[PDB]
Amino acid sequence: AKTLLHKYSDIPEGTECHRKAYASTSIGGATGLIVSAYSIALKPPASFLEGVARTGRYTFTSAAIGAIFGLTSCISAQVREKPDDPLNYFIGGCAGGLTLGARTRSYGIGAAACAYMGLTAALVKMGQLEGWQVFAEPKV
Amino acid sequence: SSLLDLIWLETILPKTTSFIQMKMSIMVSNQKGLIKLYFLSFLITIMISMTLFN
Amino acid sequence: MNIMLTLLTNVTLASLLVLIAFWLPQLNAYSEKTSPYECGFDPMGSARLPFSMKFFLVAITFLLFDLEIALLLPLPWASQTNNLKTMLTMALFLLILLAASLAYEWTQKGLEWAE
Amino acid sequence: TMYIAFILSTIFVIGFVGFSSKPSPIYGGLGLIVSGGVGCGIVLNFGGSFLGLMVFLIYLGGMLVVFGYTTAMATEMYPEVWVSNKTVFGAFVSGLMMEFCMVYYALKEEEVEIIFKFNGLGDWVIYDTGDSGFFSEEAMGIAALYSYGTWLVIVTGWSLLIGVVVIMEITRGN
Amino acid sequence: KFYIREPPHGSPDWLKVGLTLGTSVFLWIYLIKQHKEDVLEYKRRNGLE
Amino acid sequence: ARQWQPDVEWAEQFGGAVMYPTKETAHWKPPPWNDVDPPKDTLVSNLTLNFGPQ
Amino acid sequence: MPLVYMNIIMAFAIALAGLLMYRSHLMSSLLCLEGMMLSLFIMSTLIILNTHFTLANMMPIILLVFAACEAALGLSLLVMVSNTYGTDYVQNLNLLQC
Amino acid sequence: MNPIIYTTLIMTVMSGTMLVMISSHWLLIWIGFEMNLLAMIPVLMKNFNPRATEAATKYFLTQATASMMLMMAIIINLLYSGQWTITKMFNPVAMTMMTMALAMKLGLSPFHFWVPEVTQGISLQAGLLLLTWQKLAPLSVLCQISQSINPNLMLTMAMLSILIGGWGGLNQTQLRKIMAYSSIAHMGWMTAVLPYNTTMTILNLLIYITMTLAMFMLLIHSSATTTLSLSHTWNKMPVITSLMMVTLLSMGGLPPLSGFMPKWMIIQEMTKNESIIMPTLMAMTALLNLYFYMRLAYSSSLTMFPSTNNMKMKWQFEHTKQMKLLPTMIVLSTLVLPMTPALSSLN
Amino acid sequence: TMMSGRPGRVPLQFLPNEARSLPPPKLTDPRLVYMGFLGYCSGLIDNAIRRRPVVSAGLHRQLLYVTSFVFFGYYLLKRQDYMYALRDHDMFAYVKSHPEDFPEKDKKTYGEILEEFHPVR
Ligand SMILES: CCCCCCCCCCCCCCCCCC(=O)OC[C@H](COP(=O)([O-])OCC[N+](C)(C)C)OC(=O)CCCCCCCCCCCCCCCCC
Ligand SMILES: CCCCCCCCCCCCCCCCC[C@@H](O)O[C@H](CO[C@H](O)CCCCCCCCCCCCCCC)COP(=O)(O)OCC[N+](C)(C)C
């Protein structure tokens, strides 16, 4: 987890779009694997083949979302020549939301996911820029 | 009155949020109460905590 | 080392006796000879069906009292201490609590088998 | 060296793999008895004869009750054994393969697990040169439960008495 | 006699009433004395009066 | 000409096994009033033994 | 750390994974629970005997005592469940839901 | 159960918790946990029925697993330090095991399912004792070992607890399961503040215990275990419904009630440590708890549901047993906001 | 735990000896009056729950409620004041002992400080 995030962040912002897409795809695949493992544990499938099918579907959905987000964000940053701009991450997040909507075959899910993932990704970019921290170290 | 106030402004914030919360509530609370299932969940949690937390 | 050799010798002798028993004599086996024994007639049920245990509570009490005696076993070495009064007090305390457990179960009818 | 402690530890892990693959409580108890005896051997080699014999005796007594309970409560028409079931055999083989892999890696190189760092060397190496005289340190430390450890005796005896009360109360019914 | 059955709290429980009043009075006088002692000790320690 | 107060339809919408029923949760049923489930007609199945003739 | 400690910790992990993965019987999970405390006993006594912590030699005995209390508690619950349902299967403990 | 045996079992539960709280030795802390569990099982099984037996079985399995993991952590810590004293743990793996075990004992997510299941299984008195006291002990251990807690693991489990509690409570319609999910959310808040100010953890614990005692005792007084059962209480004793409504408003965190004080202090304390996203998400997620508290308040006090015909006989009769300290719990859970700076006395 | 384990702390002591040098709360403290008000509210709620006349019945019981709340509030206020005095004492001592960490800065007037002007139009 931390190693994957370190790789993704160590690739520079506006360069190496293929490596950025690979790293984001790996992160998405790991997230999908975790979600699928919890789904298998909590809602058991009727068969081993059904379990494998569900795991593959969730993993591919997450990996596709990650790949689309990373590729779109890096390409947008490259073409605009404006790294460190939250708009690139917003575009990547909405592209990932559209990918989720396509995977689920639902326009409403696609639209809501585009909005929410775009806001989340833009906020993550702003946090990287401004030094925001979620799990802050204790002090004071 | 109709398209914006009664339909779209209602759909964007309060209706969509309520629908998402209801769906997540159903997902969380829809359990059969099987110790086998949620102990397997415990095992997955323990492995994840040991590996991905350093 | 010597104890391992002794255990190996005993196990090997017993296994050799089993091997001689199962390979020396003439064998004739058929389905009627190897059928289960129930006094000349066929068994109605199976021997793997549940078998009620009328002393299930005495077994649990046995677990607890067995670990009580595990606590009591190191007493011979405890008698070499300088704190003889404290040692004697704690030994008698453990034994009195064991007696209290026995008395409680006896009066509350835990020692009676289920009917 | 003779690797006696390592061999015994491997047998200990094998018995755990057995009763954790969980064929049926009869064979689970058999594997647990084997593991208890082997652990008695391990701690006998390390020095504690009283502790080894005590844990062996306690588990022999405990598994005797489990046999009677599985005859009454946890039995079926065809009790499962390790080769009888696909799941049980799969889990048993998985555990054996994992133990073999880790043993081989540790013997071939100083294996650092994702949790702890282990060095492949002598259990005889790790021992201490010094000796006692005319008494057993383990026996004296255990016998110190009555001179020292007055508080431990009190809480332990209270817990045992309340345990008798509890088992009587749980099985009351009505 | 309105009630066919004697109410549990028909008559005051004089023991409880006396204990209540005594406890309240004791707490009040103890609080007054404690405050007076606290003021005196504070003044003595700080060298005021 | 008076304030509206809930009726049987309202109460019954609040009286299910769970809020927001689904297929599974509609197959679910609310627990008994005194929390005591009716006894199950399990079979004792006493052991049958041939005592004799040999 | 010697390989003996590695094997004992591995045995504990195996017994923990056995408990968390029920099959049908409650008794098998109880046996997995008893194995975990056996591995804890062995690990504790190996650590204590190696370091000559003399006063800590009584700790494994207390560990065994409370293992016995847990086993007694579990067997009592098992007999109650079996009386109610006819079998010690864990599938019958489904009246309560999350 | 004999009254003497019941009171000796209650005293044994309390003695185990007190041993945990006063011990300085990890073995004695483990002994206290074991004694607490052993005496706590019959209390759950006090009223014998299959649901109580199942709840006691699930509680025993979960607590035995947690105690085993805790002892493994203790032994691993002893291996790398030779120390039995409860201080900062010297091994990160042992600390992770200890955190997992204590979280499983407390019911923090993803170790929460047993909380609603067991609480629905057991009676109202048993649920009251369970929630209150069995949260009281592990939190004291966590406060003792707070300086080595992994902030990431602790805060992840806390946010999971808040989210899961809100959502489960949204779905539930049984009062005991509602209480259990509310408990999960409040434990989330306390353990979220835990790595920064154990004083704020203690303050939240006390306020939560007061509100939970008042709520459970009101349910016991009204003999209501479902929403529709509680909907008949306005026609028997309308005062109890009003007090319950004010207590529910307090639990939801509305100012100026006593439920606002812990959330306020925790948000402030976390903000001092440069945490903003976490307090904002935690504050926004509590709206779910407030929603299902308000849904419960609509049915019982703010609207008048249909009643039955035997309520007339119930009118003719009077409640006999008197709840101990119910008025005090009602007042402390609603009206002590102007007394906030006493948390320094709590320090 | 900030002040837990502060040197010289006696365990399980609600009020130490060094707290006697602080001014005790006045008996007419507004916080004490609010504690008495909480006691009175508890008494009224007791009467209401037990279905006695709320304001009239149980005057002795209501007096006991108010008195208990005032008593405990007095001692709680003393402990709270002591803890705050202790905190200020420690903070001042640390600032005195670490001058390099808490330096006095030269004061500049607004005639010397330059601030950017942002017109509102
Ligand atoms: C006291 C405890 C330990 C006991 C150890 C052994 C004690 C007995 C020692 C003397 C045994 C004498 C041989 C008896 C063999 C069985 C007879 C039998 O089956 O006959 C029918 C069968 C008849 O065979 P058949 O071919 O005619 O029959 C065909 C089958 N039917 C019947 C259907 C037609 O006899 C044989 O097969 C003869 C086999 C060879 C006999 C001699 C070999 C053994 C020699 C033993 C020497 C001692 C050392 C080795 C033995 C082990 C001890 C160390
Ligand atoms: C008859 C008159 C009325 C009596 C009513 C009594 C009801 C209350 C019972 C008294 C409770 C306090 C017991 C007083 C004697 C015990 C002394 C000891 O416990 O006091 C200190 C500790 O006491 C308590 O911690 C603080 C007592 C104050 C708690 C009540 C106020 C809580 C704040 C709530 C603010 C808003 C509500 C305002 C009140 C209405 C000791 O410190 P220490 O041993 O080292 O603590 C170690 C653990 N730490 C460090 C982590 C804390």
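Readers should treat all values here as calculations from the given coordinates under stated rules, not as data from a laboratory. We place every Cβ from the backbone using ideal geometry, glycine too, and count neighbours over all the protein chains shown.
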In whole angstrom, the spacing between the Cα centers of the stretch B:6-54 and the stretch I:94-121 equals 50 Å
In a Gaussian network model over chain D where Cα atoms closer than 10 Å are linked, find which of D:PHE135, D:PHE89, D:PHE56 has the largest mean-square fluctuation.
D:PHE135
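Quick one: net charge around C:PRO36, please, counting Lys, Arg +1 and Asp, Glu -1 for every other residue with C-beta under 13 Å from its C-beta. Intermediate values should be presented prior to the final figure.
Working: positive: C:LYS33, C:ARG48; negative: C:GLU32, C:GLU38, C:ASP42.
Local charge sum for C:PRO36: -1.
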Among C:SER101, C:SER46, C:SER15, which one moves the most in a GNM of chain C with springs linking Cα atoms closer than 10 Å?
C:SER15
Positive end of the charge dipole of chain D (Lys, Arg +1 and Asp, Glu -1 on Cβ, about the Cα centre): tell me which of D:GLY36, D:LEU8, D:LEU121 has its Cα farthest that way.
D:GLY36
Applied in sequence order to the stretch D:122-130, the curve 6.51 cos²θ - 1.76 cosθ + 1.60 (Karplus, θ = phi - 60°) yields integer Hz couplings, x standing for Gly and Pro, of x, 4, 6, 4, 5, 6, 9, 6, x
Calculate one ³J(HN,Hα) per residue across the stretch A:82-89 by plugging θ = phi - 60° into the Karplus curve 6.51 cos²θ - 1.76 cosθ + 1.60, and present them in order as whole Hz with x for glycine and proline.
10, x, 6, 10, x, 5, 4, 5
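Could you tell me which chymotrypsin sites (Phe, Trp or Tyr not before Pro) in the stretch A:73-140 are loop residues by DSSP with no more than 10 other beta carbons within 10 angstrom of their beta carbon?
On the way: sites: A:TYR89, A:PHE90, A:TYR107, A:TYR116, A:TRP132, A:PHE135; in loops: A:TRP132, A:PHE135.
When the chymotrypsin sites (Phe, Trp or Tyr not before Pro) of the stretch A:73-140 are filtered for loop state and at most 10 Cβ neighbours within 10 Å, nothing remains.
Based on Cβ point charges of +1 for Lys and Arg and -1 for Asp and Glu, what charge dipole magnitude is obtained for the stretch I:1-98 about its Cα centre, in debye rounded to the nearest 20?
Details: 13 positive and 6 negative charges, 52 e Å.
My answer is approximately 240 debye.
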Rounded to whole Hz and in sequence order, give me ³J(HN,Hα) for the stretch I:4-20 from the Karplus expression 6.51 cos²θ - 1.76 cosθ + 1.60, θ = phi - 60°, writing x for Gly and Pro.
6, x, 4, x, x, 8, 7, x, 6, 10, 5, 9, x, 6, 6, 6, 6
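Per residue of H:92-100, what is the mean number of Cβ atoms on other protein chains within 10 angstrom of that residue's Cβ?
Working: counts 3, 7, 0, 0, 6, 4, 0, 2, 6.
If you average over the peptide's residues, the count of other-chain Cβ atoms is 3.
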Ranked by GNM mean-square fluctuation in chain H (Cα springs under 10 Å), the top entry among H:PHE90, H:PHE33, H:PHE216 is H:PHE90
Proximal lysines relative to E:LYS43, as straight alpha-carbon distance under 19 Å, when same-chain residues fewer than 8 apart are discounted
E:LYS33, I:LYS26, I:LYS78
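Report the chymotrypsin sites (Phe, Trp or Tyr not before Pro) located in the stretch H:274-343 that are in a DSSP loop and have at most 14 other Cβ atoms inside 10 Å of their Cβ, or state none. Don't skip to the end; give the middle numbers.
Numbers: sites: H:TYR291, H:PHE292, H:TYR293, H:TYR298, H:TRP315, H:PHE317; in loops: H:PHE317.
In loop regions of the stretch H:274-343 (DSSP not H, G, I, E or B), the sparsely surrounded chymotrypsin sites (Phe, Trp or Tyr not before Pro) are H:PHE317.
Averaged across F:15-28, how many Cβ atoms of other chains sit within 10 Å of each residue's Cβ atom? Mind dumping the intermediate values first?
On the way: counts 8, 3, 4, 10, 11, 9, 2, 2, 0, 3, 5, 0, 0, 3.
For peptide F:15-28, the averaged partner shielding equals 4.
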Show the residues, 5+ positions off or on another chain, whose built amide H is closer than 5 Å to the amide H of G:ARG23.
none
Kindly express, to the nearest 10 degrees and within the range 0 to 90, the angle between helix A:17-42's C-alpha long axis and the longest C-alpha principal axis of chain A.
40 degrees
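Order these peptides, E:21-32, F:29-40, A:65-76, by their mean beta-carbon neighbour count within 10 angstrom, highest first. Intermediate values should be presented prior to the final figure.
Working: E:21-32: 13.5, F:29-40: 11.7, A:65-76: 23.8.
In decreasing order of mean packing, E:21-32, F:29-40, A:65-76 become A:65-76, E:21-32, F:29-40.
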For chain H, averaging the sequence separation of alpha carbon pairs under 8 Å that lie six or more residues apart and dividing by its residue count, the contact order in percent is 15 percent
Using DSSP to call loops (not H, G, I, E or B), can you name the trypsin sites (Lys or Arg not before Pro) in the stretch I:1-98 whose Cβ has at most 16 other Cβ atoms within 10 angstrom?
I:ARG9, I:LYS26, I:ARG51
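Count, for each residue of H:264-276, the Cβ atoms from other chains sitting within 10 Å of its Cβ, then give me the mean as a whole number. Don't skip to the answer; put the middle values down first.
Working: counts 0, 0, 0, 0, 0, 1, 2, 2, 3, 6, 8, 7, 5.
Counting Cβ atoms of other protein chains within 10 Å of each residue's Cβ and averaging gives 3.
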Nearest 10, in degrees from 0 to 90: the angle of helix G:3-20 to the longest Cα principal axis of chain G is 10 degrees
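Only helical DSSP H runs with n ≥ 4 go in: add -39500 (n - 2.57) per run for the protein assembly as shown, normalise by residue count and round the 222 nm mean residue ellipticity to 500 deg cm²/dmol.
Details: 41 runs with 754 residues, N = 1152.
Result for the protein assembly as shown: -22000 deg cm²/dmol, rounded to the nearest 500.
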